[PDB]
Amino acid sequence: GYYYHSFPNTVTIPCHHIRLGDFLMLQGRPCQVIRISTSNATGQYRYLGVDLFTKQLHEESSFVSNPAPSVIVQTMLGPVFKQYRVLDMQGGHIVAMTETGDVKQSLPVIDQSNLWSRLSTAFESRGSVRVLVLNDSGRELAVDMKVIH
């Protein structure tokens, strides 16, 4: 929103800031966007994405909000990520630890954009590596990485 005018574990993203490859909630599912089009009927943006967990395709159109006179905004929802430290890497999954010390013994890593390989080289050469983590009804998934500098 803004000052208050408004547009779970999701943030509102204006559509002009959405690009191919971004993660969005489509039909309630975390997806990587693979196509952006415009509806002939409504003129709104339409998003086609691949579910990060199930790999199924989902489509959803933007939501048009009009919170104030002459303010008209198309938005989608994106997921909120958690950042965990990486303590160990064993056979496609990692031992991670949260900001408060909570150990996650077997966190799977998404098979996407060479993440396991990029994570391993960054881990091999550990303290500065973080994983970005999404949750699907209790199921956590490492979907990206970050080296803190």
# chains A, B, ... in the order shown; residues from 1 in each chain; ligands from 1
call {"tool": "select_by_dssp", "arguments": {"residues": "stretch 3-138 of chain A", "states": "strand (DSSP E or B)", "output": "ChimeraX atom specification"}}
result
/A:5,10-14,23-26,29-38,45-51,57-61,63-68,71-79,82-90,93-97,103-109,129-136
call {"tool": "residues_around", "arguments": {"residues": "residue A:53", "least_positions_apart": "3", "cutoff": "12 Å", "atoms": "only C-alpha atoms", "output": "number ranges by chain"}}
result
A: 29-32, 49-50, 56-57, 108-112, 134-137, 139-143
call {"tool": "atom_distance", "arguments": {"atom1": "atom CA of residue A:19", "atom2": "atom CA of residue A:146"}}
result
19.8 Å
call {"tool": "atom_distance", "arguments": {"atom1": "atom CA of residue A:80", "atom2": "atom CA of residue A:9"}}
result
5.4 Å
call {"tool": "residues_around", "arguments": {"residues": "residue A:48", "least_positions_apart": "5", "cutoff": "12 Å", "atoms": "only C-alpha atoms", "output": "number ranges by chain"}}
result
A: 19-27, 29-38, 56-62
call {"tool": "select_by_dssp", "arguments": {"residues": "stretch 16-146 of chain A", "states": "helix (DSSP H, G or I)", "output": "count of residues only"}}
result
12
call {"tool": "residues_around", "arguments": {"residues": "residue A:122", "least_positions_apart": "5", "cutoff": "10 Å", "atoms": "only C-alpha atoms", "output": "count of residues only"}}
result
9
call {"tool": "closest_residue", "arguments": {"among": "A:28, A:6, A:120, A:85", "to": "residue A:100", "atoms": "only C-alpha atoms"}}
result
A:85
call {"tool": "closest_residue", "arguments": {"among": "A:43, A:69, A:8, A:101", "to": "residue A:84", "atoms": "only C-alpha atoms"}}
result
A:101
call {"tool": "residues_around", "arguments": {"residues": "residue A:63", "least_positions_apart": "6", "cutoff": "8 Å", "atoms": "only C-alpha atoms", "output": "list in words"}}
result
residues 74, 75 and 76 of chain A
call {"tool": "atom_distance", "arguments": {"atom1": "atom CA of residue A:83", "atom2": "atom CA of residue A:3"}}
result
29.2 Å
